[PDB]
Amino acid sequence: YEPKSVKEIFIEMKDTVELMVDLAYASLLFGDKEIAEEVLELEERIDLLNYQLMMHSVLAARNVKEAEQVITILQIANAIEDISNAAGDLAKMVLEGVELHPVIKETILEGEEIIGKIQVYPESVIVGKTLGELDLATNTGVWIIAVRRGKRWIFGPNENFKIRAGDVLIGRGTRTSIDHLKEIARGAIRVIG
């Protein structure tokens, strides 16, 4: 069983907690319980990652100096853990079926950074391309945090994920970026970058 490094564990924690906050907001925006449940499942992966980060960290330190540096890692993971649980608190609200004040969804759609639902049409130039090749974050400023494909959800999709007509992309980015990607997705704009 090949050994993982502290860094790769740390990186997954950081990447994961950020995905969780995005999905938490998405679950509130669309009042979607499945997205919310994904957030709680990720919250457990965070706890697991944190445990491994601690195991690795602890064993790594053998002298005072090393110990002090290992502690800085644990402190940041602790802060990450707090952000994780906060995201979990947001998801719980959706899972409880609570009736949300209307300003909540509006706020999510009107902040500097929003969550948007993007329908992919048959004639769009992104149909048949992987996220890896499209690399939407880089090329559009829109970060794809999930895709609804029929009755299934693909959360935090790879660079290997290939887009199909009918897919519904859940993206994060500025309003303008989102509206832009929609036109592309609609096929109205037959060019990316």
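Don't overthink the numbering: it's just position in the shown sequence, from 1.
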For 83-91 versus 116-124, entry-based mean Cα B-factors point to 116-124
Going by the entry, of stretches 13-21 and 175-183 the one with greater average Cα B-factor is 175-183
The residue of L49, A36, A60, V168 with the maximal C-alpha B-factor according to the PDB record is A60
Chain thirds by Cα B factor, record data; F155 belongs to the middle
Entry-reported C-alpha B-factor of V98 relative to its chain, by third, is highest
Of the three thirds of the chain ranked by Cα temperature factor, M54 occupies the middle
So, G132's CA B-factor, relative to its chain, sits in which third? The highest
On the chain's distribution of Cα B-factors, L40 falls within the third called middle
